[PDB]
Protein chains: 2
Amino acid sequence: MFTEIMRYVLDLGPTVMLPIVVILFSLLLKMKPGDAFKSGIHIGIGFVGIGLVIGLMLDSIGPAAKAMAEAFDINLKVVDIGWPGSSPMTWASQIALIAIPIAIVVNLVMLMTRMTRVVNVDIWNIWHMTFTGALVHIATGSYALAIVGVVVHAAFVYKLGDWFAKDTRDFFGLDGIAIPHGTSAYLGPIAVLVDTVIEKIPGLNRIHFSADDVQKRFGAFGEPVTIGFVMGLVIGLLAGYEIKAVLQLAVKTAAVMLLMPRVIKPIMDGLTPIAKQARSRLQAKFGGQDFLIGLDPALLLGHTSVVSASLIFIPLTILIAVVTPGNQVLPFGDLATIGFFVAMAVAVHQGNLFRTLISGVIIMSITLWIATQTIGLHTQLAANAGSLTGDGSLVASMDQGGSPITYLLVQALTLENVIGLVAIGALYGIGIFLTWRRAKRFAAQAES
Amino acid sequence: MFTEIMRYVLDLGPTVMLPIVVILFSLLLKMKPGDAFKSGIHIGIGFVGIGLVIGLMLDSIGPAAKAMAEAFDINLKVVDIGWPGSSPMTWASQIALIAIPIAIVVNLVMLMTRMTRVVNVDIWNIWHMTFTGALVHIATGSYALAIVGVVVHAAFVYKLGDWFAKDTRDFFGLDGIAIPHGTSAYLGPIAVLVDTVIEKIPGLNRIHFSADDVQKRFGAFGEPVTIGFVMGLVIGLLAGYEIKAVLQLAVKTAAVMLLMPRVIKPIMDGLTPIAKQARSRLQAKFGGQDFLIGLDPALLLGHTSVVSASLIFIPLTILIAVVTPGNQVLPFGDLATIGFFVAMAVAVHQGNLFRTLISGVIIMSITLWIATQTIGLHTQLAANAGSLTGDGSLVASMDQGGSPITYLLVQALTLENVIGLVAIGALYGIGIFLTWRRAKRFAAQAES
């Protein structure tokens with residue numbers, strides 16, 4: 001019974017199921033049915049528009065970035081299929097369906113114990129937890145260890161959405177919204193560690209370069225739209241595109257950056273009365289701070305600095321992949337939405353594109369090395385899901401193949417690479433401790 | 001050379017070429033290059049967003065409406081390919097490329113003689129004039145007569161955009177923008193005639209029903225978004241779609257209605273400083289009223305009443321096609337954007353949905369009868385363009401096959417159907433005279 005119900009709910013999508021969940025929550029909050037329905041349909045509309053602009057990204061910058069990647073003479077044989085290739089592969093796994101109830105049960109358990117405030121409703125990003133569990137299952141060979149990996153990933157991402165709540169509220173303006181999923185949430189700790197290290201270092205901490213600085217320096221050509229147009233021009237030129245294709249891609253990138261906030265605005269409009277009623281009634285009933293709603297990481301693309309970093313980092317990601325030692329993954333499928341990796345890095349640095357560039361370089365290097373490490377597990381995952389081609393080419397990805405959580409869990413439960421496990425674990429544990437202390441300090445400051 | 005450059009500009013398309021023309025106009029107005037470029041890229045972004053939402057319409061309500069057309073047991077063998085099928089067919093015509101310089105020369109000649117104020121820049125809708133000329137060429141067999149038809153259609157549509165300038169400025173809020181192209185512009189005279197007849201008739205003129213009336217009647221459920229959601233539900237239910245498909249389509253239609261104005265807003269934001277500079281300098285230099293910029297009829301989809309009529313008229317269009325005497329065309333491809341037919345009908349009636357419904361029924365009946373009349377010419381056009389299938393099935397369309405201009409010109413130059421020509425010519429000439437007198441009266445009132 002459970003299987004087809006979960007499949008139906010997943011197939012409904014964020015467009016339909018998420019408004020249904022929001023309407024149910026609003027009705028449970030004793031709101032008028034008209035307002036509840038209006039908020040629900042507004043959230044559905046916002047997610048439809050998000051899908052439209054994300055498809056525009058994947059269909060315009062996607063092929064352009066891939067053409068740029070192949071254009072440069074490279075020795076990276078394995079291609080990064082990205083989340084467009086990882087997510088269908090992950091949803092075809094054995095534990096794919098049970099991951100949704102496992103993640104929801106974990107979220108509920110941590111909510112009742114007041115270990116988190118993130119009420120995750122975006123169940124279509126539980127394919128990340130599913131990916132972690134599937135790779136653990138492939139490596140160790142134990143179903144119980146796969147479930148343990150799913151539970152650990154879910155708890156970690158909920159706590160990350162809790163810790164980066166201040167950044168989404170202040171920098172991104174998504175008040176009452178957490179972003180626990182995506183690469184941004186679990187690559188944020190690396191950004192926090194880099195920011196702390198830079199602040200410790202004299203001289204480098206003084207270097208500041210925000211998008212507002214670009215605007216003030218370049219006048220009317222420093223607007224976010226002009227930056228997106230110029231970045232699209234650069235991408236098209238590097239990709240070997242013709243002048244017509246270059247200009248069309250440039251206008252499409254500028255349109256992406258102008259239209260992400262516009263299509264994300266309906267979600268905020270729908271959720272604002274819901275959040276107000278929640279903080280009025282449920283927060284008072286249960287005490288503590290207001291509960292956050294966990295949503296898609298595509299909301300982070302509303303910020304213009306995030307889209308600017310997304311456009312800038314495509315050539316930077318390819319250059320990093322060439323530079324990074326012991327890397328065999330060529331970033332192919334994740335290049336279209338490479339801003340997901342550095343979305344939280346921008347927020348941590350308050351939009352400082354210098355610090356953002358440093359953190360993004362570190363993050364991309366780490367993710368590419370981790371993807372190189374998990375090439376074998378990802379190929380086995382493709383073979384299990386049936387997506388492996390006849391030639392048996394190696395499969396690797398950066399959205400989830402390069403996730404530090406998955407690699408750390410696999411190494412901890414297998415110990416196949418002691419030195420790499422120690423290094424990545426030390427770096428990520430320091431990042432986690434730093435981001436937890438940072439969130440605790442921000443909460444203390446807000447309370448005072 | 002000329003063919004190559006014309007094809008290159010057409011392939012550049014509204015996304016790129018229109019910003020280039022706008023930037024050139026702004027530079028000719030002695031504006032700063034930064035503001036000129038910002039306006040141009042904003043217009044390009046607006047047109048990218050318009051294309052995104054139009055693609056959403058054609059990919060969600062398109063197949064749903066086609067499934068509705070199949071679902072009802074009908075005897076209309078010939079299917080309406082619509083403008084998605086007519087425009088590629090038209091651009092493959094012999095006169096397709098020369099139509100652009102012919103239309104631009106006609107526009108310039110009428111501008112210098114002060115016969116119009118519409119500066120048409122949307123050259124990708126010159127395929128309407130091309131369609132008229134191609135059908136005239138097929139019927140009469142004379143190249144000169146085809147050129148005459150193209151010239152007549154171009155002059156007529158520029159004058160229509162001039163006459164419906166008040167409706168675009170006031171009802172749609174597109175100040176300083178004319179909409180001379182599309183089915184809305186040349187089906188507006190029928191709406192004007194219907195409105196005049198209704199106003200003459202006592203009792204019926206007192207009946208008023210607007211979207212605001214629905215909003216006041218219902219509440220949060222009278223919101224335009226709720227109307228779009230309900231209409232999507234109805235379309236999905238009638239199409240035989242499953243509940244998941246029904247709900248996804250409903251949210252997509254509501255998203256269309258909420259997102260069309262948002263993606264149209266960049267065009268207005270970009271064009272406002274240009275219009276201000278134009279009315280400041282060029283209008284004073286050349287006297288008269290401010291010149292209007294002719295753009296895509298998709299700008300008329302920003303209004304929520306227009307999208308509501310678009311959604312409502314799909315089942316109405318199918319019912320009319322069944323009812324209409326001597327009709328053999330089943331509305332298939334134009335159903336997704338059937339609001340283009342009544343976009344100006346809404347504006348003429350000040351959003352009165354009862355009057356809009358009457359005008360739309362009359363307009364759809366007329367267009368379906370005309371498409372039935374021009375089935376043969378459209379089939380010959382398909383054979384000429386090579387798009388005709390092997391079985392030689394009849395081809396007809398409603399976007400341009402059913403245009404009263406094309407049918408009137410063909411009948412005037414061929415005298416194939418004397419009675420039908422007389423009837424349609426009398427009706428359309430009365431509509432043209434009424435809309436010209438209406439525009440003249442509005443201009444006189446504004447002057448006073």
# chains A, B, ... in the order shown; residues from 1 in each chain; ligands from 1

call {"tool": "closest_atom_pairs", "arguments": {"of": "chain A", "to": "chain B", "cutoff": "9 Å", "atoms": "only C-alpha atoms", "output": "Markdown table"}}
result
| residue | atom | partner | partner_atom | distance |
| --- | --- | --- | --- | --- |
| A:8 | CA | B:244 | CA | 8.2 |
| A:11 | CA | B:244 | CA | 8.0 |
| A:12 | CA | B:244 | CA | 6.0 |
| A:13 | CA | B:248 | CA | 8.4 |
| A:15 | CA | B:248 | CA | 6.6 |
| A:16 | CA | B:248 | CA | 6.0 |
| A:33 | CA | B:220 | CA | 8.8 |
| A:34 | CA | B:220 | CA | 5.0 |
| A:35 | CA | B:220 | CA | 6.3 |
| A:37 | CA | B:221 | CA | 8.3 |
| A:38 | CA | B:220 | CA | 6.7 |
| A:41 | CA | B:251 | CA | 6.9 |
| A:42 | CA | B:225 | CA | 8.0 |
| A:44 | CA | B:251 | CA | 6.4 |
| A:45 | CA | B:255 | CA | 4.5 |
| A:46 | CA | B:255 | CA | 7.5 |
| A:47 | CA | B:255 | CA | 8.9 |
| A:48 | CA | B:255 | CA | 6.6 |
| A:49 | CA | B:255 | CA | 7.1 |
| A:52 | CA | B:52 | CA | 6.9 |
| A:53 | CA | B:52 | CA | 8.1 |
| A:56 | CA | B:52 | CA | 8.0 |
| A:219 | CA | B:34 | CA | 7.7 |
| A:220 | CA | B:34 | CA | 5.1 |
| A:221 | CA | B:34 | CA | 6.1 |
| A:223 | CA | B:38 | CA | 8.5 |
| A:225 | CA | B:41 | CA | 7.7 |
| A:226 | CA | B:38 | CA | 7.2 |
| A:229 | CA | B:41 | CA | 8.0 |
| A:244 | CA | B:12 | CA | 5.9 |
| A:245 | CA | B:12 | CA | 8.1 |
| A:247 | CA | B:16 | CA | 6.4 |
| A:248 | CA | B:16 | CA | 6.0 |
| A:251 | CA | B:45 | CA | 6.3 |
| A:252 | CA | B:48 | CA | 6.7 |
| A:253 | CA | B:45 | CA | 8.9 |
| A:254 | CA | B:45 | CA | 6.7 |
| A:255 | CA | B:45 | CA | 4.5 |
| A:256 | CA | B:45 | CA | 8.2 |
| A:258 | CA | B:45 | CA | 7.5 |
| A:259 | CA | B:263 | CA | 7.5 |
| A:262 | CA | B:262 | CA | 6.8 |
| A:263 | CA | B:259 | CA | 7.4 |
| A:266 | CA | B:258 | CA | 8.8 |

call {"tool": "write_last_selection", "arguments": {"atoms": "N, CA and C atoms", "output": "tab-separated table (two decimals), in the first residue's frame"}}
result
chain	number	residue	atom	x	y	z
A	8	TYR	N	2.75	8.18	-5.96
A	8	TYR	CA	1.77	9.18	-6.37
A	8	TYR	C	2.08	10.54	-5.78
A	11	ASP	N	5.03	11.96	-7.59
A	11	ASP	CA	4.70	12.34	-8.96
A	11	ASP	C	3.85	13.60	-8.99
A	12	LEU	N	3.09	13.86	-7.93
A	12	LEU	CA	2.33	15.10	-7.87
A	12	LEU	C	3.25	16.32	-7.91
A	13	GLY	N	4.36	16.26	-7.19
A	13	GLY	CA	5.39	17.27	-7.30
A	13	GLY	C	5.20	18.44	-6.37
A	15	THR	N	4.58	21.33	-7.24
A	15	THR	CA	3.55	22.18	-7.81
A	15	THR	C	2.20	21.93	-7.15
A	16	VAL	N	1.89	20.67	-6.83
A	16	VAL	CA	0.58	20.29	-6.32
A	16	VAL	C	0.64	19.85	-4.86
A	33	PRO	N	-10.61	29.18	5.20
A	33	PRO	CA	-10.30	28.33	4.04
A	33	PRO	C	-9.90	29.12	2.81
A	34	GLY	N	-10.47	30.31	2.62
A	34	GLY	CA	-10.09	31.12	1.47
A	34	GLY	C	-8.64	31.55	1.52
A	35	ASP	N	-8.21	32.07	2.67
A	35	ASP	CA	-6.82	32.49	2.82
A	35	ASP	C	-5.87	31.30	2.73
A	37	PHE	N	-6.33	28.46	1.08
A	37	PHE	CA	-6.23	28.05	-0.32
A	37	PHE	C	-5.43	29.05	-1.13
A	38	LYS	N	-5.63	30.35	-0.88
A	38	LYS	CA	-4.89	31.36	-1.63
A	38	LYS	C	-3.40	31.23	-1.39
A	41	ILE	N	-2.12	28.02	-3.26
A	41	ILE	CA	-2.00	28.12	-4.70
A	41	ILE	C	-0.90	29.11	-5.06
A	42	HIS	N	-0.68	30.13	-4.22
A	42	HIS	CA	0.42	31.05	-4.47
A	42	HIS	C	1.76	30.33	-4.37
A	44	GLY	N	2.23	27.12	-4.92
A	44	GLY	CA	2.31	26.29	-6.11
A	44	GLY	C	2.71	27.08	-7.34
A	45	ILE	N	2.17	28.28	-7.49
A	45	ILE	CA	2.53	29.15	-8.60
A	45	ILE	C	4.00	29.53	-8.53
A	46	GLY	N	4.47	29.87	-7.33
A	46	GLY	CA	5.87	30.20	-7.18
A	46	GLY	C	6.77	29.05	-7.56
A	47	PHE	N	6.36	27.82	-7.22
A	47	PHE	CA	7.19	26.68	-7.57
A	47	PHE	C	7.11	26.35	-9.05
A	48	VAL	N	5.97	26.62	-9.69
A	48	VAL	CA	5.90	26.48	-11.14
A	48	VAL	C	6.83	27.47	-11.82
A	49	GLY	N	6.84	28.72	-11.35
A	49	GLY	CA	7.74	29.70	-11.93
A	49	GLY	C	9.20	29.37	-11.67
A	52	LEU	N	10.07	26.86	-14.16
A	52	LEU	CA	10.27	27.48	-15.47
A	52	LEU	C	11.66	28.09	-15.58
A	53	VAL	N	12.06	28.87	-14.58
A	53	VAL	CA	13.35	29.56	-14.67
A	53	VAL	C	14.50	28.57	-14.53
A	56	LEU	N	14.87	27.02	-17.79
A	56	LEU	CA	15.58	27.96	-18.65
A	56	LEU	C	17.07	27.91	-18.40
A	219	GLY	N	28.64	52.21	-12.55
A	219	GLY	CA	27.49	53.02	-12.90
A	219	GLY	C	26.30	52.16	-13.29
A	220	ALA	N	25.63	52.55	-14.36
A	220	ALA	CA	24.46	51.82	-14.85
A	220	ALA	C	24.82	50.48	-15.44
A	221	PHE	N	26.10	50.19	-15.67
A	221	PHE	CA	26.53	48.89	-16.16
A	221	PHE	C	26.87	47.94	-15.03
A	223	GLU	N	24.61	47.11	-12.72
A	223	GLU	CA	23.36	46.52	-12.26
A	223	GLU	C	23.46	45.00	-12.36
A	225	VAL	N	21.52	42.92	-13.66
A	225	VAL	CA	21.13	42.48	-14.99
A	225	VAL	C	22.28	42.63	-15.98
A	226	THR	N	22.99	43.76	-15.92
A	226	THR	CA	24.13	43.94	-16.81
A	226	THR	C	25.23	42.94	-16.52
A	229	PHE	N	24.18	39.70	-18.05
A	229	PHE	CA	24.36	39.76	-19.49
A	229	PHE	C	25.82	39.58	-19.88
A	244	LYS	N	25.03	35.14	-32.68
A	244	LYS	CA	23.60	35.07	-32.40
A	244	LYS	C	23.34	34.22	-31.16
A	245	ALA	N	23.97	33.04	-31.09
A	245	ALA	CA	23.80	32.18	-29.93
A	245	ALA	C	24.37	32.83	-28.68
A	247	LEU	N	24.52	36.06	-27.99
A	247	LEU	CA	23.61	37.10	-27.53
A	247	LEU	C	22.34	36.50	-26.94
A	248	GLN	N	21.81	35.45	-27.56
A	248	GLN	CA	20.61	34.81	-27.02
A	248	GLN	C	20.88	34.23	-25.64
A	251	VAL	N	21.18	37.15	-23.07
A	251	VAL	CA	19.89	37.68	-22.65
A	251	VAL	C	19.17	36.67	-21.77
A	252	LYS	N	19.33	35.38	-22.05
A	252	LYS	CA	18.68	34.38	-21.20
A	252	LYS	C	19.28	34.36	-19.80
A	253	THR	N	20.59	34.55	-19.67
A	253	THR	CA	21.19	34.61	-18.34
A	253	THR	C	20.74	35.85	-17.58
A	254	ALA	N	20.70	37.00	-18.26
A	254	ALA	CA	20.19	38.20	-17.62
A	254	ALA	C	18.74	38.02	-17.20
A	255	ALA	N	17.95	37.34	-18.04
A	255	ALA	CA	16.57	37.06	-17.70
A	255	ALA	C	16.47	36.13	-16.51
A	256	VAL	N	17.36	35.15	-16.42
A	256	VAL	CA	17.37	34.27	-15.25
A	256	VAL	C	17.57	35.09	-13.99
A	258	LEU	N	17.10	38.31	-13.49
A	258	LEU	CA	16.00	39.23	-13.21
A	258	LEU	C	14.72	38.50	-12.79
A	259	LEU	N	14.51	37.28	-13.26
A	259	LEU	CA	13.23	36.60	-13.08
A	259	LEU	C	13.21	35.63	-11.92
A	262	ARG	N	11.42	37.38	-9.13
A	262	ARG	CA	10.02	37.59	-9.47
A	262	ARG	C	9.20	36.32	-9.29
A	263	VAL	N	9.75	35.17	-9.67
A	263	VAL	CA	9.01	33.92	-9.53
A	263	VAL	C	9.12	33.34	-8.13
A	266	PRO	N	6.08	34.94	-5.20
A	266	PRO	CA	4.81	34.32	-4.79
A	266	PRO	C	4.94	33.37	-3.62

call {"tool": "select_by_dssp", "arguments": {"residues": "region 114-357 of chain A", "states": "strand (DSSP E)", "output": "list in words"}}
result
residues 118, 119, 120, 177, 178, 292, 293, 294, 329, 330 and 331 of chain A

call {"tool": "atom_distance", "arguments": {"atom1": "CA of residue 83 (chain B)", "atom2": "CA of residue 422 (chain B)"}}
result
26.9 Å

call {"tool": "select_by_dssp", "arguments": {"residues": "region 123-249 of chain B", "states": "helix (DSSP H, G or I)", "output": "ChimeraX atom specification"}}
result
/B:123-125,127-140,143-163,165-170,182-200,211-218,220-222,224-238,243-249

call {"tool": "write_last_selection", "arguments": {"atoms": "C-alpha atoms", "output": "mmCIF file, in the first residue's frame"}}
result
data_model
loop_
_atom_site.group_PDB
_atom_site.id
_atom_site.type_symbol
_atom_site.label_atom_id
_atom_site.label_comp_id
_atom_site.auth_asym_id
_atom_site.auth_seq_id
_atom_site.Cartn_x
_atom_site.Cartn_y
_atom_site.Cartn_z
ATOM 1 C CA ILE B 123 8.932 42.165 -37.154
ATOM 2 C CA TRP B 124 8.331 38.551 -36.105
ATOM 3 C CA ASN B 125 4.590 39.156 -36.338
ATOM 4 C CA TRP B 127 4.170 36.663 -40.679
ATOM 5 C CA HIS B 128 0.515 37.722 -40.499
ATOM 6 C CA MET B 129 0.994 40.073 -43.446
ATOM 7 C CA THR B 130 3.008 37.323 -45.105
ATOM 8 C CA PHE B 131 0.130 34.888 -44.608
ATOM 9 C CA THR B 132 -2.319 37.319 -46.184
ATOM 10 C CA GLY B 133 -0.017 37.862 -49.148
ATOM 11 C CA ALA B 134 0.668 34.149 -49.560
ATOM 12 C CA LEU B 135 -3.024 33.271 -49.580
ATOM 13 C CA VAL B 136 -3.702 36.064 -52.078
ATOM 14 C CA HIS B 137 -0.878 34.685 -54.232
ATOM 15 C CA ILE B 138 -2.338 31.180 -54.040
ATOM 16 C CA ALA B 139 -5.858 32.316 -54.920
ATOM 17 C CA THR B 140 -5.254 34.919 -57.626
ATOM 18 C CA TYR B 143 2.869 38.155 -57.429
ATOM 19 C CA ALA B 144 1.813 41.796 -57.714
ATOM 20 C CA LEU B 145 -1.529 40.989 -56.102
ATOM 21 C CA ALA B 146 0.289 39.181 -53.285
ATOM 22 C CA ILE B 147 2.427 42.266 -52.671
ATOM 23 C CA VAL B 148 -0.730 44.391 -52.753
ATOM 24 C CA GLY B 149 -2.294 42.115 -50.150
ATOM 25 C CA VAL B 150 0.773 42.368 -47.921
ATOM 26 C CA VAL B 151 0.709 46.164 -48.202
ATOM 27 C CA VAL B 152 -3.019 46.353 -47.451
ATOM 28 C CA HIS B 153 -2.730 44.061 -44.431
ATOM 29 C CA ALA B 154 0.239 46.023 -43.081
ATOM 30 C CA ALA B 155 -1.479 49.388 -43.468
ATOM 31 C CA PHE B 156 -4.654 48.035 -41.893
ATOM 32 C CA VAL B 157 -2.880 46.578 -38.870
ATOM 33 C CA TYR B 158 -0.878 49.742 -38.237
ATOM 34 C CA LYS B 159 -4.088 51.752 -38.375
ATOM 35 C CA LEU B 160 -5.723 49.265 -35.996
ATOM 36 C CA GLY B 161 -2.880 49.610 -33.516
ATOM 37 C CA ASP B 162 -3.320 53.361 -33.833
ATOM 38 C CA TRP B 163 -7.072 53.076 -33.216
ATOM 39 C CA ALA B 165 -4.050 52.797 -28.707
ATOM 40 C CA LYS B 166 -6.497 54.068 -26.093
ATOM 41 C CA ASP B 167 -7.466 50.544 -25.048
ATOM 42 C CA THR B 168 -3.853 49.410 -24.704
ATOM 43 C CA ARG B 169 -2.912 52.550 -22.777
ATOM 44 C CA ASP B 170 -5.886 52.585 -20.394
ATOM 45 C CA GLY B 182 -2.096 39.237 -33.721
ATOM 46 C CA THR B 183 -5.706 38.172 -33.947
ATOM 47 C CA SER B 184 -6.693 40.642 -31.225
ATOM 48 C CA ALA B 185 -5.916 43.714 -33.312
ATOM 49 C CA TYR B 186 -7.897 42.672 -36.383
ATOM 50 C CA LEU B 187 -10.750 41.058 -34.470
ATOM 51 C CA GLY B 188 -11.216 44.165 -32.326
ATOM 52 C CA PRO B 189 -13.517 45.823 -34.886
ATOM 53 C CA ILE B 190 -15.986 42.950 -34.498
ATOM 54 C CA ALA B 191 -15.928 43.509 -30.741
ATOM 55 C CA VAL B 192 -16.526 47.231 -31.279
ATOM 56 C CA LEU B 193 -19.496 46.499 -33.536
ATOM 57 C CA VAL B 194 -20.933 44.044 -31.003
ATOM 58 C CA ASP B 195 -20.472 46.566 -28.193
ATOM 59 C CA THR B 196 -22.215 49.288 -30.197
ATOM 60 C CA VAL B 197 -25.118 46.980 -31.062
ATOM 61 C CA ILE B 198 -25.495 45.888 -27.433
ATOM 62 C CA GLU B 199 -25.415 49.490 -26.227
ATOM 63 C CA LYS B 200 -28.152 50.295 -28.741
ATOM 64 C CA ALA B 211 -13.788 40.104 -12.812
ATOM 65 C CA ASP B 212 -14.166 42.596 -9.962
ATOM 66 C CA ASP B 213 -17.800 41.519 -9.667
ATOM 67 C CA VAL B 214 -16.684 37.893 -9.326
ATOM 68 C CA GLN B 215 -14.131 38.950 -6.709
ATOM 69 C CA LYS B 216 -16.741 40.823 -4.676
ATOM 70 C CA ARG B 217 -19.150 37.899 -5.050
ATOM 71 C CA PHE B 218 -16.699 35.299 -3.758
ATOM 72 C CA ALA B 220 -10.442 35.068 -1.642
ATOM 73 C CA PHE B 221 -11.944 32.647 -4.171
ATOM 74 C CA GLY B 222 -12.777 35.542 -6.497
ATOM 75 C CA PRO B 224 -7.863 36.002 -10.459
ATOM 76 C CA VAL B 225 -5.467 33.263 -9.383
ATOM 77 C CA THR B 226 -8.366 31.269 -7.946
ATOM 78 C CA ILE B 227 -10.313 31.788 -11.175
ATOM 79 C CA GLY B 228 -7.375 30.464 -13.175
ATOM 80 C CA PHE B 229 -7.043 27.469 -10.875
ATOM 81 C CA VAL B 230 -10.750 26.668 -11.176
ATOM 82 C CA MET B 231 -10.659 27.037 -14.954
ATOM 83 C CA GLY B 232 -7.645 24.738 -15.145
ATOM 84 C CA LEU B 233 -9.527 22.225 -13.009
ATOM 85 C CA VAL B 234 -12.493 22.410 -15.380
ATOM 86 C CA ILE B 235 -10.305 22.030 -18.475
ATOM 87 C CA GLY B 236 -8.493 19.041 -16.998
ATOM 88 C CA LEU B 237 -11.739 17.392 -15.940
ATOM 89 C CA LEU B 238 -13.237 17.870 -19.398
ATOM 90 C CA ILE B 243 -6.667 13.866 -10.862
ATOM 91 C CA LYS B 244 -2.899 14.330 -10.658
ATOM 92 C CA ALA B 245 -2.792 15.720 -14.196
ATOM 93 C CA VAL B 246 -5.879 17.825 -13.470
ATOM 94 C CA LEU B 247 -4.272 19.414 -10.415
ATOM 95 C CA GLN B 248 -0.922 19.973 -12.125
ATOM 96 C CA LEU B 249 -2.660 21.640 -15.073
#

call {"tool": "residues_around", "arguments": {"residues": "residue 358 (chain B)", "least_positions_apart": "3", "cutoff": "12 Å", "atoms": "only C-alpha atoms", "output": "list in words"}}
result
residues 190, 191, 192, 193, 194, 195, 197, 198, 204, 205, 207, 309, 313, 316, 320, 342, 345, 346, 349, 352, 353, 354, 355, 361, 362, 363, 364 and 365 of chain B

call {"tool": "write_last_selection", "arguments": {"atoms": "N, CA and C atoms", "output": "compact mmCIF listing (two decimals), in the first residue's frame"}}
result
# COMPACT_ATOMS: atom_id res chain seq x y z
N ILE B 190 -14.78 43.73 -34.75
CA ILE B 190 -15.99 42.95 -34.50
C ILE B 190 -16.47 43.18 -33.08
N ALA B 191 -15.55 43.23 -32.12
CA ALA B 191 -15.93 43.51 -30.74
C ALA B 191 -16.53 44.90 -30.61
N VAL B 192 -15.98 45.88 -31.33
CA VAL B 192 -16.53 47.23 -31.28
C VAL B 192 -17.94 47.26 -31.84
N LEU B 193 -18.16 46.56 -32.96
CA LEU B 193 -19.50 46.50 -33.54
C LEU B 193 -20.48 45.83 -32.58
N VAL B 194 -20.06 44.73 -31.95
CA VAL B 194 -20.93 44.04 -31.00
C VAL B 194 -21.25 44.95 -29.82
N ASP B 195 -20.25 45.66 -29.31
CA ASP B 195 -20.47 46.57 -28.19
C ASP B 195 -21.44 47.67 -28.57
N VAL B 197 -23.79 47.56 -30.91
CA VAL B 197 -25.12 46.98 -31.06
C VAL B 197 -25.75 46.72 -29.70
N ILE B 198 -24.97 46.17 -28.77
CA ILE B 198 -25.49 45.89 -27.43
C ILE B 198 -25.90 47.17 -26.73
N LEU B 204 -30.13 44.73 -22.42
CA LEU B 204 -28.87 44.00 -22.49
C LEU B 204 -27.69 44.89 -22.12
N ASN B 205 -27.77 46.18 -22.44
CA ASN B 205 -26.68 47.09 -22.11
C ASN B 205 -26.50 47.25 -20.61
N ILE B 207 -26.70 44.92 -18.41
CA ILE B 207 -26.08 43.74 -17.82
C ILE B 207 -24.58 43.96 -17.74
N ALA B 309 -10.60 35.04 -19.84
CA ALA B 309 -11.33 34.78 -21.08
C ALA B 309 -10.66 33.68 -21.89
N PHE B 313 -12.77 30.36 -22.79
CA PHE B 313 -13.22 30.23 -24.16
C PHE B 313 -12.80 28.93 -24.83
N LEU B 316 -15.79 26.94 -24.75
CA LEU B 316 -16.69 27.75 -25.56
C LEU B 316 -16.31 27.68 -27.03
N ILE B 320 -18.76 26.27 -29.89
CA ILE B 320 -19.09 27.10 -31.04
C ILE B 320 -18.77 26.37 -32.33
N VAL B 342 -9.75 37.23 -28.27
CA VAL B 342 -10.64 38.11 -27.51
C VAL B 342 -9.86 39.06 -26.62
N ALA B 345 -11.22 42.27 -27.38
CA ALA B 345 -12.64 42.27 -27.06
C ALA B 345 -12.88 42.61 -25.60
N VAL B 346 -12.02 42.11 -24.71
CA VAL B 346 -12.11 42.47 -23.30
C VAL B 346 -11.90 43.97 -23.12
N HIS B 349 -14.86 46.27 -24.19
CA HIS B 349 -16.00 46.21 -23.29
C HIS B 349 -15.65 46.62 -21.86
N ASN B 352 -16.12 43.87 -19.30
CA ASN B 352 -17.45 43.30 -19.07
C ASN B 352 -17.50 41.89 -19.63
N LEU B 353 -17.49 40.89 -18.75
CA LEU B 353 -17.39 39.51 -19.20
C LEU B 353 -18.62 39.03 -19.95
N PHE B 354 -19.79 39.62 -19.71
CA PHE B 354 -20.96 39.24 -20.51
C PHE B 354 -20.82 39.74 -21.94
N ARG B 355 -20.50 41.02 -22.09
CA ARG B 355 -20.25 41.57 -23.42
C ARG B 355 -19.05 40.89 -24.06
N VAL B 361 -18.02 34.92 -28.75
CA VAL B 361 -18.81 33.93 -29.49
C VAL B 361 -18.95 34.36 -30.94
N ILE B 362 -19.26 35.63 -31.17
CA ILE B 362 -19.38 36.12 -32.55
C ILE B 362 -18.05 35.99 -33.27
N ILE B 363 -16.96 36.36 -32.60
CA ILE B 363 -15.63 36.34 -33.21
C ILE B 363 -15.23 34.92 -33.56
N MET B 364 -15.44 33.98 -32.64
CA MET B 364 -15.07 32.59 -32.88
C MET B 364 -15.92 31.98 -33.98
N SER B 365 -17.22 32.29 -34.01
CA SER B 365 -18.05 31.80 -35.10
C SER B 365 -17.55 32.33 -36.44

call {"tool": "closest_residue", "arguments": {"among": "A:402, A:84, A:315, A:392", "to": "residue 64 (chain A)", "atoms": "only C-alpha atoms"}}
result
A:315

call {"tool": "atom_distance", "arguments": {"atom1": "CA of residue 39 (chain A)", "atom2": "CA of residue 118 (chain A)"}}
result
19.5 Å

call {"tool": "closest_residue", "arguments": {"among": "B:97, B:65, B:368, B:22", "to": "residue 5 (chain B)", "atoms": "only C-alpha atoms"}}
result
B:97
